[PDB]
Amino acid sequence: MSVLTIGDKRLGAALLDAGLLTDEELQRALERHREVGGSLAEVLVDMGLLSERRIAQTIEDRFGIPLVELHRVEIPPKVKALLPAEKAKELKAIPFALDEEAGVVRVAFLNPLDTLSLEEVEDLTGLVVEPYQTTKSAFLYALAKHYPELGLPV
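Residues numbered from 1 in each chain as written, not as in the entry; some residues may be left out. Heavy atoms only, no water.

Method of determination for the deposited model, per the PDB record: solution NMR.

In structure tokens form, the structure reads like this:
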């Protein structure tokens, strides 16, 4: 037993609000969320209940958040100067652009409603960040390209 994030509350409500599952279903998953400590959206795909795109699609329109083809992009060593892949991994985010002339950065994360991770990413550099959407396959892509030494073990 532990508490949940701001994004977890909002996304949980969004499932019912979007007609994806019943509140009872959410109630049963809420307990499971703390058993894995990841965001409530991670347990959804990890348990096969719903994949990122299904959670993202309601939020995409409900909040007006953009989506990009990150799985079709390469992370330059230029943006790596912001934060290393290890930090990116715990924040469940991946930066793609570094624009120091304007103090702006572009990031894509798996939890669009997780405002806490946005706040953490902005304050950690003192810059503004443009939050975009992405999927698990694209997420694992950048990680494998920055730390192939472990090659994401099973």
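> With reference to specific residues and values, describe the side chain of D8.
Of note, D8 is situated in helix α1 (residues 6-17). Of the side chains bearing the opposite charge, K92 lies closest to the buried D8, which forms no salt bridge; the N-O distance is 8.5 Å. Polar side-chain contacts of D8 include one of 2.8 Å to the backbone nitrogen of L40. (Helix = DSSP H or I, 4+ residues; strand = E, 2+ residues; numbered from the N terminus. Buried < 20%, exposed > 50% of the residue type's maximum accessible area, 1.4 Å probe, protein only. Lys, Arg positive; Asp, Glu negative; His and termini not counted. Salt bridge = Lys/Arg side-chain N within 4 Å of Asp/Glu carboxyl O. Polar contact = N/O pair within 3.5 Å; in protein donor to acceptor, adjacent residues only side chain to side chain.)

> An account of the environment of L21 is requested, with residue identities and associated values reported.
With respect to the helices, strands and loops of the structure, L21 is situated in the loop between α1 and α2 (23-36). For the pair formed by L21 and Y141, sequence separation is 120 residues and the distance between their alpha carbons is 30 Å. Excluding residues that lie within four positions of it along the chain, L21 makes contacts with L15, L16 and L26. (Contact = heavy atoms within 4.5 Å.)

> Can you tell me about the domain arrangement of the protein chain, naming the residues and giving the values?
Domain annotation for the protein chain reports domain 1 (6-64) and domain 2 (70-146). Centre-to-centre separation of domain 1 and domain 2, based on C-alpha positions: 22 Å. Facing 13 residues of domain 1, the contacting portion of domain 2 comprises eleven residues. Here domain 1 meets domain 2 over a buried area of about 1100 Å², counting both sides, of which 66% is carbon and sulfur. Our count for the domain 1 to domain 2 interface comes out at one salt bridge. One salt bridge in this structure joins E42 and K136, with 2.8 Å as the shortest N-O distance. Our count for the domain 1 to domain 2 interface comes out at three residue pairs in polar contact. Counting only elements with at least two residues in the side of domain 1 that touches domain 2, the list comes to α1, α3 (40-46) and α4 (52-64). Among the elements that line the side of domain 1 that touches domain 2, the one with the most residues is α4, at five residues. Considered class by class, the residues forming the side of domain 1 that touches domain 2 number seven nonpolar, two polar and four charged. (Domains from an automatic or database assignment. Buried area = accessible area lost by both parts, 1.4 Å probe. Nonpolar A, V, L, I, M, F, W, Y, C, P; charged D, E, K, R; others polar.)

> Lay out the nonpolar core with the relevant residues and their values.
Ranked by size, the top nonpolar core spans 15 residues in total, and within it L11, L15, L26, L40, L44 and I55 carry the most contacts. Listing elements by their share of this core, those giving two or more residues are α1, α2, α3 and α4. The leading source of residues in this core is α3, at four residues. Here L26 is in contact with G12, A13, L15, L21 and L40, once residues within four sequence places are set aside. Judged by nonpolar contacts, the second largest core, of ten residues, contains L70, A108, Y132 and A142. (Core = buried A, V, L, I, M, F, W, Y, C linked by side-chain atoms within 4.5 Å.)

> Which residues make up the packing of α1 against α2, and what values do they have?
Across the interface, α1 lies against α2 with an axial gap of 9 Å and an inter-helix angle of 150 degrees. Classified by the angle their axes make, α1 and α2 are roughly antiparallel. Considering how the two elements wind past one another, α1 and α2 form a crossing that is right-handed. Between α1 and α2, the contacting residues are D8, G12, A13, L15 and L16 on the first element and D23, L26 and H33 on the second. For the contact of α1 with α2, the per-class residue count stands at four nonpolar, two polar and two charged. (Axes fitted to C-alpha atoms, helices over the stretch in contact; angles between N-to-C directions. Parallel < 35°, antiparallel > 145°, perpendicular 65-115°, else oblique. Left-handed = near helix turned anticlockwise from the far one by under 90°.)

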